[PDB]
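To keep things clear, I will list the structure first and then write my remarks on it.
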Amino acid sequence: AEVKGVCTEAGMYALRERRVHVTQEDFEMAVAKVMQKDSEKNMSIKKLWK
Amino acid sequence: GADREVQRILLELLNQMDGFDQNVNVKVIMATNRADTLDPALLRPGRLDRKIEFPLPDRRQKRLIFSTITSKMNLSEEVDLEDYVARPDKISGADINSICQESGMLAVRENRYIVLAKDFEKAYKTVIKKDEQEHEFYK
Amino acid sequence: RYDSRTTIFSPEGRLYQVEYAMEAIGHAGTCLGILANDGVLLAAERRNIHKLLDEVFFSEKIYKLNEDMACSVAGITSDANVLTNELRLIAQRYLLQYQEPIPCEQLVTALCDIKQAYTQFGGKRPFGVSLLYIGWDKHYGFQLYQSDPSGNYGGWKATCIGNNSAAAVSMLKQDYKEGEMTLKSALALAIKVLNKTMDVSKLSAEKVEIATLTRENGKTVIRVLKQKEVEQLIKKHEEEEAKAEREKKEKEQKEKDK
Amino acid sequence: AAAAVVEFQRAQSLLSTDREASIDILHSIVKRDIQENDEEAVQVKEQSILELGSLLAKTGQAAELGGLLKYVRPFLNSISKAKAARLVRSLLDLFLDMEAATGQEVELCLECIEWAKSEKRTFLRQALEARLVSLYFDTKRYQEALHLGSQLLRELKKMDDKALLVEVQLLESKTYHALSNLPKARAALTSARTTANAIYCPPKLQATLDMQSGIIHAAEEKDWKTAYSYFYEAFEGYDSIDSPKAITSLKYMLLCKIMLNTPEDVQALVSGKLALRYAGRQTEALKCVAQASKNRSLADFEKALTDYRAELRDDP
Amino acid sequence: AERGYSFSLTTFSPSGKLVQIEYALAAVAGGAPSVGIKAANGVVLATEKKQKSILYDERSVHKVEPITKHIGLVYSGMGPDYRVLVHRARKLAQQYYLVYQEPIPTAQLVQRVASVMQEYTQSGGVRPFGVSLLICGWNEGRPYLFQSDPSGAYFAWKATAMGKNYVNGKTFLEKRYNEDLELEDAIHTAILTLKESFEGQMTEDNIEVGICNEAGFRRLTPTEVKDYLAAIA
Amino acid sequence: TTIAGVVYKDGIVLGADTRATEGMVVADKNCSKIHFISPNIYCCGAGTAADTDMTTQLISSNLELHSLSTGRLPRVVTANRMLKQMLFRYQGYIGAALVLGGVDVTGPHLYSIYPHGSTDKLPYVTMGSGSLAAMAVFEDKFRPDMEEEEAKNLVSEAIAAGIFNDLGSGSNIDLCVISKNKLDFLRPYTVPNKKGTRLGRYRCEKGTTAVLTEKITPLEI
Amino acid sequence: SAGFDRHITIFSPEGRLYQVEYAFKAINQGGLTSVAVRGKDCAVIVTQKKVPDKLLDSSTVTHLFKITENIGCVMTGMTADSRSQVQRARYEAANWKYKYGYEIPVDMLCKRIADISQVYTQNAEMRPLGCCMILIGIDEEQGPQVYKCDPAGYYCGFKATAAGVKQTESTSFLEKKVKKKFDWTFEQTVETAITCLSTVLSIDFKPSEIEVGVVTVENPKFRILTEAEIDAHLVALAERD
């Protein structure tokens with residue numbers, strides 16, 4: 001599902017710039033946008049455990 | 001049974017949003033206060049969600065909110081919102097709308113058939129200070 | 001429900017709170033240790049390596065218990081600090097009494113007895129920290145031990161605690177030479193297993209800490225390898241992996257020709 | 001450095017009153033050499049070089065900047081550490097800020113870049129290349145500006161000075177807008193904004209980004225509300241910095257107000273708290289245009305255009 | 001979630017959480033913004049002293065307090081717990097001074113204060129300290145900035161923010177902080193980080209800032225804070 | 001040991017000698033006998049050196065914690081009461097006889113605290129073995145409200161009389177002039193005596209001593 | 001979140017101490033109200049005095065206590081808790097004077113009482129006694145001082161404060177009156193306090209249904225104004241207002 005979303009979001013990047021064209025930059029930006037992680041915010045709760 | 005039924009509701013939602021019966025031209029929008037507590041399956045960056053953030057208005061966006069809200073309203077010529085926007089705060093769009101409504105209500109209640117900088121000042125103070133009256137050892 | 005207290009037996013005879021602590025150890029940063037006939041060593045991962053953190057302390061998980069012993073902690077930070085201080089106190093009490101360093105097994109037994117008392121007595125939750133001890137004593141030479149939240153300890157040639165400990169221990173089991181492992185090979189194996197267990201991109205040197213204990217001129221020396229040495233080891237491992245991949249590619253090309 | 005500071009103050013008084021004596025004194029002070037052990041005479045010399053360039057710019061003697069660079073490049077090459085680029089950047093900026101076109105800017109900047117490349121001062125070379133791209137855009141050599149900017153940003157995406165990367169991407173967007181490739185200008189602008197919302201953006205850089213975003217929004221989407229918002233943000237930033245690129249932001253806000261079919265607000269906005277220091281023909285042109293639009297008079301509109309040709313026309 | 005295992009501090013939840021200490025950390029995060037930046041030649045601590053009214057005499061209760069001639073401390077969280085912890089820190093520093101005729105190192109003071117917090121987070125009849133401390137010292141020849149949590153864990157920081165908007169503060173510090181930053185620039189960075197999460201007008205007398213350089217920790221006077229605010233604005 | 005203190009116009013001047021004797025042999029030549037209690041409070045110590053040293057250290061720590069808590073300068077009354085109560089709790093085994101002196105908000109205060117915990121607030125005090133000679137000088141040449149320089153001279157002369165007429169008194173004279181503004185700590189204020197210029201030449205050349213073993217260990221860098 | 005409510009030492013999932021908040025609710029339970037204001041050189045506390053019976057000795061009924069010769073307090077909340085905390089404050093002041101040789105500063109006594117209360121808020125041995133103490137005194141270097149010692153360990157110092165049922169209304173009134181010439185005299189401060197109480201309670205005071213304690217720089221001894229003085233203040237200031 002993440003890979004299909006990567007393809008879809010690269011296609012959406014292409015659509016934004018009135019394009020029908022996908023490039024390596026488009027796939028890389030799609031990967032960044034889709035695999036966005038909401039890691040822990042608080043360093044204290046993160047560092048409770050050694 | 002209650003937690004299990006809530007999970008059942010979520011499972012049915014996942015099913016219907018992306019499952020054996022792929023919908024045609026049926027789009028979905030879901031609004032939330034935080035997406036961190038959301039289920040990974042529903043949050044699945046696939047055929048279930050594309051994520052967008054609605055942050056608190058920036059200064060520029062606050063200028064736009066004030067302009068839009070006040071366009072329909074009519075005011076004096078010395079009532080510049082151009083600095084009420086610049087005054088720092090964490091007021092949201094609902095807060096700005098409440099400020100405008102309260103200033104208009106102030107003017108109509110006190111007759112004074114204009115809306116002026118003093119009305120906006122009082123409404124702004126009221127709305128911004130509404131977030132108080134909590135306990136002070138917590139801070 | 002048989003887990004509301006540390007001093008409650010399940011109807012099957014299981015201390016669910018002690019088991020909870022044992023499982024919870026899995027949140028801790030992966031630490032591991034290898035024993036070599038030349039010396040012994042620990043490696044450990046830095047779970048949190050934020051760029052705004054300072055590096056005031058030379059080691060976050062590896063502590064020096066006395067002249068002839070070090071230990072890596074894995075678990076709750078407060079409990080780990082308490083137990084490190086208590087280990088130092090135990091070792092120095094033994095040294096005061098007998099005028100010779102506490103043997104590693106005795107030190108491990110003392111701390112594990114403390115842990116057992118915590119698991120057994122009153123309203124005290126068990127120490128949620130596992131420990132890896134390395135040391136040298138006049139009786140059994142280089143030794144490596146592991147200790148659990150329950151106060152149970154064992155002696156190991158190679159082992160791993162914390163995150164992905166199952167994968168790390170399986171890898172060591174596969175690729176550890178029971179009696180022909182030197183310190184250089186031990187360091188190489190440690191880097192290999194850490195690379196394959198951390199599961200975070202390339203093996204960043206700043207995200208790993210390695211310590212080695214060895215006898216030299218009749219005195220034990222515990223050295224936490226500098227970042228330069230760690231980087232060199234990681235680079236050598238990466239070169240080895242690249243060479244293996246080149247060999248596999250050449251084999252694939254030969255198979256294609258065939 | 002009490003005697004040095006006294007010499008500086010004497011040169012400053014002569015800059016104010018008798019500029020030629022100051023020029024000669026600073027020329028001698030720059031000719032002076034620096035003890036390798038003393039790290040304060042070096043500061044004295046760099047300050048003297050800067051003030052000599054200031055004298056040249058103030059007097060319009062922009063013909064000597066080439067010599068200044070030529071005999072200051074063979075320097076110790078250790079000013080501060082990794083921040084000596086600031087002095088040369090400011091020197092070149094002041095040189096090109098000449099009020100009279102000396103005619104030798106492009107090739108001089110090119111030889112500066114070549115010298116930086118030879119000396120292996122990569123960061124200074126990147127700064128010089130960005131300055132050269134901006135110079136190309138200013139002189140309307142848009143194709144060469146775009147070629148050099150594309151090369152520079154390709155180099156810059158993979159290293160530090162994300163502020164310079166943002167400036168170069170903004171220049172790329174601006175050259176696309178000037179060349180009418182609006183979708184590519186917007187793409188470059190969006191890339192610049194994405195890079196900029198990951199670092200500290202000084203008020204000047206934020207104002208530049210906001211003004212370019214407003215310009216592009218006015219050009220392409222026809223959301224003059226958002227264009228006006230961005231133009232106001234740029235105006236505020238340039239006002240805080242007290243930059244001369246604030247009359248332009250004011251003019252563009254008044255233009256957005258006109259195109260929103262609400263020219264009544266042009267006078268109310270010009271009669272604002274912040275829109276008073278900039279009063280003049282610049283704001284009067286657009287006040288007249290708003291009045292002509294309010295009266296809906298084509299004759300009045302053309303009258304305003306011809307009367308204020310300098311303000312309303314010649315600014316594309 | 002694990003609902004049953006959240007009222008006690010002497011029981012592990014099935015997944016290993018100690019939920020009550022995380023709740024204490026939530027109490028910390030729901031506190032006044034405070035910022036700490038470790039400059040190249042010093043350290044700076046700031047924290048909003050915004051009062052709930054004009055009646056509160058904002059010169060009586062301080063939030064950035066000294067602990068020694070070379071150590072100071074700010075907090076985010078509950079003020080009473082902060083008072084307890086600052087008193088204990090002063091007592092520990094004095095004990096260290098009496099034993100070793102030498103000012104306590106900042107690292108050691110942080111260790112001992114974290115030990116105190118651990119003592120308070122290991123029973124059922126005691127509530128963990130609902131504060132996070134930011135300790136700033138000038139031990140040796142270099143500055144130290146440490147954090148201490150209710151859990152008894154202590155960190156060394158380059159720069160950090162805690163309180164209501166710690167996420168925004170940390171992003172801002174990532175953008176703005178550079179290692180080779182003089183204390184004078186670090187003070188401006190601290191005040192700007194506060195401004196980014198400070199509602200209302202940041203007047204000189206509703207913000208509290210303390211510096212720690214080789215001359216020793218010192219809480220800047222309101223006149224000095226006014227000068228810094230004017231220079232920043 | 002000889003220590004003295006006199007309250008002059010603006011503030012106080014304390015003055016001690018420098019010597020600690022282990023029995024009847026000079027053990028220390030430069031013992032510091034004027035101990036710090038707070039920036040405005042100093043106490044001269046006499047009697048058992050360890051007792052007085054650690055007593056002043058403990059009271060200084062307590063008073064500094066007190067000052068940090070309150071937020072204002074400590075008071076000589078506070079220091080005096082702390083010392084008095086401690087020395088009384090110890091029924092007299094803390095052989096620390098102190099001359100406390102400071103300048104708080106309420107002017108200058110000078111106390112004479114005794115080992116058993118009996119304090120005499122006085123304009124001028126003297127304590128130690130030479131306390132009798134110091135008080136002789138004070139009685140003979142003390143006046144109300146003397147200037148700072150005159151008070152320094154008086155206390156220095158009293159301590160010098162103690163030095164020259166009491167065995168077990170110091171070599172150097174240390175002073176501490178405290179006032180609402182200044183905290184001069186003169187160390188040493190004067191050197192009434194100094195070892196006679198070494199008249200011998202005895203350094204023995206290398207090889208004079210007979211060695212048996214060597215274990216030169218090359219310490220790492 | 002109601003499970004995290006029966007124990008003083010349990011943090012709510014969002015980090016709140018509901019039992020401490022309930023102690024504050026207990027403050028707002030005696031029905032009475034108290035106000036305090038400091039001028040240039042005086043501090044004044046005024047408390048509503050209810051004596052709802054002819055058989056109740058009004059002399060014994062009171063909420064103004066003399067903590068020491070130069071420090072006074074007005075207590076609002078449960079009466080038993082108020083008197084217990086008053087005894088504790090007197091004991092702490094006596095100990096301070098014994099140990100350190102000078103009278104306890106008002107801010108120091110407030111910090112001591114606040115620390116005592118914080119101890120109960122942290123450990124689970126007592127309930128946090130539900131009373132609010134407003135202390136007034138004359139500090140030789142600072143001047144008049146008014147402080148609060150709420151039952152959670154918070155003790156900020158005040159230009160003017162209130163406690164009890166109408167603390168919010170009194171706070172708003174005093175904010176308005178202090179934004180304009182906070183510099184008050186003795187008579188002006190007594191005026192401000194009495195007027196604040198009267199306006200918030202929506203009643204004009206008899207000389208008896210009010211109790212006033214005062215400290216002044218000229219006379220820095222806590223004095224409880226008599227009925228004649230209270231009546232004089234009320235009549236004169238109402239007339240000349």
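By order of appearance in the structure tokens: chains A, B, ..., then residues from 1 within every chain, and ligands from 1 in the order shown.
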* Please, which residues of chain A lie no more than 8 Å from chain C when the count uses only C-alpha atoms, and can they be set out as a PyMOL selection string? -> chain A and resi 46-50
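The interface of chain A with chain E at 7 Å, considering only C-alpha atoms, consists of residues 41, 44, 45 and 48 of chain A.
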Could the residues in this selection be written to a file with N, CA and C atoms, as a CSV table (one decimal), in the first residue's frame?
```
chain,number,residue,atom,x,y,z
A,41,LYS,N,7.5,12.8,20.4
A,41,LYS,CA,7.8,14.2,20.6
A,41,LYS,C,8.7,14.5,21.7
A,44,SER,N,11.9,13.3,27.2
A,44,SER,CA,11.8,12.7,28.5
A,44,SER,C,11.2,11.3,28.3
A,45,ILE,N,10.0,11.2,27.7
A,45,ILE,CA,9.3,9.9,27.5
A,45,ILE,C,10.2,9.1,26.6
A,48,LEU,N,13.1,7.7,29.0
A,48,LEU,CA,12.8,6.8,30.2
A,48,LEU,C,13.7,5.6,30.2
```
* Asked: Between CA of residue 75 (chain D) and CA of residue 34 (chain D), what is the distance, to one decimal in Å?
  ->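 Pair CA of residue 75 (chain D) / CA of residue 34 (chain D) returns 10.0 Å.
Residue neighbourhood of region 14-29 of chain A, excluding near-sequence residues (fewer than 4 positions): residues 6, 7, 8, 9, 10, 33 and 34 of chain A; 183, 184, 186 and 187 of chain D, at 10 Å, using only C-alpha atoms.
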Selection near region 14-27 of chain D, 10 Å with only C-alpha atoms, sequence-local residues under 6 positions removed, as a compact mmCIF listing (two decimals) with C-alpha atoms, in the first residue's frame:
```txt
# COMPACT_ATOMS: atom_id res chain seq x y z
CA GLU D 7 43.66 57.03 12.37
CA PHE D 8 40.25 55.54 11.54
CA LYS D 45 43.65 46.48 7.39
CA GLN D 47 38.42 47.68 8.07
CA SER D 48 40.57 50.10 6.08
CA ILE D 49 39.83 48.15 2.88
CA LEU D 50 36.10 48.27 3.63
CA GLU D 51 36.20 52.01 4.34
CA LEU D 52 38.24 52.63 1.18
CA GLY D 53 35.55 50.85 -0.81
CA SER D 54 32.98 52.95 1.05
CA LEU D 55 34.82 56.11 0.00
CA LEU D 56 34.91 54.93 -3.61
CA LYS D 58 30.27 57.44 -1.90
CA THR D 59 32.35 59.49 -4.35
CA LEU D 68 41.08 46.60 -4.72
```
Would you give me, as an mmCIF file with C-alpha atoms, in the first residue's frame, the residues of chain E that come within 9 Å of chain D, using only C-alpha atoms?
```
data_model
loop_
_atom_site.group_PDB
_atom_site.id
_atom_site.type_symbol
_atom_site.label_atom_id
_atom_site.label_comp_id
_atom_site.auth_asym_id
_atom_site.auth_seq_id
_atom_site.Cartn_x
_atom_site.Cartn_y
_atom_site.Cartn_z
ATOM 1 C CA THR E 171 12.200 23.172 15.989
ATOM 2 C CA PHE E 172 13.129 26.841 16.364
ATOM 3 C CA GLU E 174 17.181 23.405 15.488
ATOM 4 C CA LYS E 175 16.803 26.202 12.942
ATOM 5 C CA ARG E 176 18.663 28.912 14.850
#
```
Can you pull out every residue within 7 Å of residue 30 (chain F), counting only C-alpha atoms, but drop anything in the same chain fewer than 2 positions away, and send it as a JSON list (two decimals) with N, CA and C atoms, in the first residue's frame?
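Saved result, selection05.json, follows:
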```
[["chain", "number", "residue", "atom", "x", "y", "z"],
["F", 18, "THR", "N", 49.16, 34.39, 62.54],
["F", 18, "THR", "CA", 49.29, 33.16, 61.77],
["F", 18, "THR", "C", 50.32, 32.24, 62.42],
["F", 19, "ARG", "N", 49.84, 31.25, 63.17],
["F", 19, "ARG", "CA", 50.66, 30.15, 63.66],
["F", 19, "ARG", "C", 49.74, 29.10, 64.25],
["F", 28, "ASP", "N", 52.68, 25.20, 61.90],
["F", 28, "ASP", "CA", 52.32, 26.00, 60.73],
["F", 28, "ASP", "C", 52.80, 27.43, 60.93],
["F", 32, "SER", "N", 45.70, 30.24, 58.28],
["F", 32, "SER", "CA", 44.70, 31.27, 58.07],
["F", 32, "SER", "C", 43.64, 31.15, 59.16]]
```
* To do: Output the contact residues of chain B with respect to chain D at a cut-off of 9 Å, based on only C-alpha atoms, as a PyMOL selection string.
  => chain B and resi 59-61+63-64+77-78+80+82
* Might you pull out every residue within 12 Å of residue 8 (chain F), with only C-alpha atoms counted and same-chain residues fewer than 5 positions away left off, and present them as a ChimeraX atom specification? => /F:13-14,101-103,107-110,122-124,142-155,177-179
Residues of chain G within 9 Å of chain B, only C-alpha atoms counted, as a compact mmCIF listing (two decimals) with N, CA, C and O atoms, in the first residue's frame:
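In the end it all went to iface08.txt:
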```txt
# COMPACT_ATOMS: atom_id res chain seq x y z
N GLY G 15 -2.09 15.11 33.78
CA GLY G 15 -1.24 15.72 34.78
C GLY G 15 -1.93 16.75 35.64
O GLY G 15 -1.50 17.91 35.69
N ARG G 16 -3.00 16.36 36.33
CA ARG G 16 -3.74 17.25 37.21
C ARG G 16 -3.94 16.58 38.56
O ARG G 16 -4.00 15.35 38.65
N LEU G 17 -4.04 17.39 39.61
CA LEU G 17 -4.23 16.90 40.97
C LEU G 17 -5.63 17.31 41.44
O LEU G 17 -5.84 18.38 42.03
N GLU G 21 -7.29 20.47 43.67
CA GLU G 21 -8.35 21.34 43.17
C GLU G 21 -9.55 21.31 44.11
O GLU G 21 -10.20 22.34 44.35
N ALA G 152 -1.72 24.46 48.19
CA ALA G 152 -0.99 23.62 47.26
C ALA G 152 0.49 23.96 47.21
O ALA G 152 1.21 23.36 46.41
N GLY G 153 0.96 24.89 48.03
CA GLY G 153 2.34 25.31 48.00
C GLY G 153 2.62 26.52 47.13
O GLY G 153 3.80 26.79 46.85
N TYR G 154 1.60 27.24 46.70
CA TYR G 154 1.77 28.44 45.89
C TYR G 154 1.60 29.66 46.79
O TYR G 154 0.64 29.73 47.56
N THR G 168 -12.87 36.04 42.48
CA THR G 168 -12.75 36.50 41.10
C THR G 168 -13.28 37.93 40.95
O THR G 168 -12.64 38.78 40.32
```
* **Contact residues (chain B, partner chain A, 8 Å, only C-alpha atoms) as a PyMOL selection string** => chain B and resi 36+44-47
Counting only C-alpha atoms, which residues of chain C sit at most 8 Å from some atom of chain E, and what is each one's closest atom pair with its distance in Å to one decimal, listed by chain and rising residue number, as CSV?
```
residue,atom,partner,partner_atom,distance
C:4,CA,E:11,CA,6.7
C:5,CA,E:11,CA,6.5
C:6,CA,E:11,CA,7.3
C:17,CA,E:12,CA,6.3
C:20,CA,E:14,CA,5.4
C:21,CA,E:16,CA,6.1
C:23,CA,E:16,CA,7.1
C:24,CA,E:16,CA,4.4
C:25,CA,E:16,CA,7.9
C:52,CA,E:158,CA,5.1
C:53,CA,E:157,CA,4.5
C:54,CA,E:157,CA,4.8
C:55,CA,E:156,CA,6.8
C:56,CA,E:156,CA,6.2
C:77,CA,E:153,CA,5.8
C:78,CA,E:152,CA,5.2
C:123,CA,E:10,CA,6.6
C:124,CA,E:10,CA,5.7
C:125,CA,E:10,CA,4.7
```
